[PDB]
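The chain below stands alone, shown as structure tokens; this is the form deposited in one PDB entry.
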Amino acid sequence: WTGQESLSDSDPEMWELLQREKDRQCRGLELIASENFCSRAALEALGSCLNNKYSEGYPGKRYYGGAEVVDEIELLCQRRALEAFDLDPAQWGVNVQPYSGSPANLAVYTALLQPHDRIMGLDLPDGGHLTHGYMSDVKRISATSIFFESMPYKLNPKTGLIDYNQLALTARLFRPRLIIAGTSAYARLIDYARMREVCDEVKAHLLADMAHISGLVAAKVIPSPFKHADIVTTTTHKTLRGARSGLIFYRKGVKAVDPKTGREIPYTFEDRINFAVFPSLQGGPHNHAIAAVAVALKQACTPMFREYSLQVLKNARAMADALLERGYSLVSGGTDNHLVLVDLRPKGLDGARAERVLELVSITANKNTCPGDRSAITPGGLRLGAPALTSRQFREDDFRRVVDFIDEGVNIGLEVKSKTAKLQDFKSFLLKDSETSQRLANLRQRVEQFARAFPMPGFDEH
């Protein structure tokens, strides 16, 4: 045994499974807003010898030896990270060691806050992520809610966007030490300046969780939260089109002046953020992911990537305006970023019913809770994203077509919800009813044949 055998000539059970997921990725229309296809240049460094390296610590301050080469990859990933977002290395640092998006946020709380200190983050069914703190009125779901006390701020259920005033009201009563301006299902921009006004008012911290919009900020197509936020976290997938990892952008340098001494008051963010990642929470960094990220950060400071993000924005509206003009309402009026919040309630169906139908014809989205919803097991609305398919060189006409696929798929279950009872009934007929079974195999063949001829990034075979 040499360890250099192929994955095919050794483990075929896994190799066929790899190609099936590749075929499934290629034959399908991926509309998960947080999904995206990675470049082969990044995947090559992901499956590299850098996986065989323990580099616990930070460059110049390891607790081992032989970290001489990985110290140049972190210090480069750090440079490329600040490069991609136009950040002076005198006002900003970055921690490239977070394993993913959730471990990145958990490190920031652990760094700045104390256990059970107060946190405000957008409520989860109001388009938030659970890493912002999610208590389910029965049990504490996210570890953010367990180790720290979290109170959510909500949407205005009429306007459909962030109630910057009720949040500006609760912060004075709740006196939090950290407010998280970041989303996972919200189709508008965010005023990262009213948040900073609320944060400066209640002496809190403004954390920017710019995941989902990571690339749009790097390509300068939407406003950058670094203008008025002091700590910015993000993942490396979603939009930045890299491998699965996380980042923590913290502001360094000088905070202000001693108005009566003239002494320098420094930003004390750095050494706390760096300490929380290691040694507190993590151990051996995934250096093979740091490289695959630095690769994707390089190809993010490039004009090729701005054309990508601009197409992503244009493909969002071209999916919204197409969906608007077909019998569908758009939460928050329409969109302003990469994803759209479809409301299926003014259409007689829901995200839970449409998904399973759409999921069965190689079109992948997810359910979503809209303001105009009534429960949880049947949420009214879907989450549709652009960056996934735009990487296959999708255009406005290419997206107005999958809308014609969606509406041609929504109106398949719409004749079954009017013919069956609940979710367990809905899905049951979709699999044996030959009038609907064969009705799906037509759309699946039409969806696969349409999508499979688009240039998928990454390796050809896996």
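Residues that one form lacks are left out of the comparison. Position 1 is the first residue in the sequence shown; the rest follow in order. Think of the rigid core as the biggest set of C-alphas that the two forms share within 1.5 Å after superposition.
Another form, the form deposited in another entry, is not on view; read the next lines as being about it.
Just one of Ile377, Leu173, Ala90, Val138 has a CA that shifts 2 Å or more between this form and the one not shown on a core fit; which is it?
The answer here is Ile377.
Superposing on the rigid core, do we see a C-alpha displacement of 2 Å or more at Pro346 between this form and the one not shown?
No, its C-alpha moves less than 2 Å.
Aligning on the rigid core, do we see the C-alpha of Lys260 shift 2 angstroms or more between this form and the one not shown?
Shift at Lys260: 2 Å or more after core fit.
Kindly indicate if, in the other entry, the C-alpha atoms of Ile377 and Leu423 are closer or farther apart than in the structure shown, bearing in mind the change is 3 Å or more.
Compared with the shown chain, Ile377-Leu423 is farther in the other entry.
Since the C-alpha distance between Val416 and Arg374 changes by 3 Å or more in the other entry, give its direction relative to the shown form: closer or farther.
Compared with this form, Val416 and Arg374 lie farther apart in the other entry.
Three or more consecutive residues, each Cα shifted by 2 Å or more between this form and the one not shown after core superposition: list those runs for me in sequence order.
In sequence order, the runs that relocate between this form and the one not shown are 258-264, 372-377.
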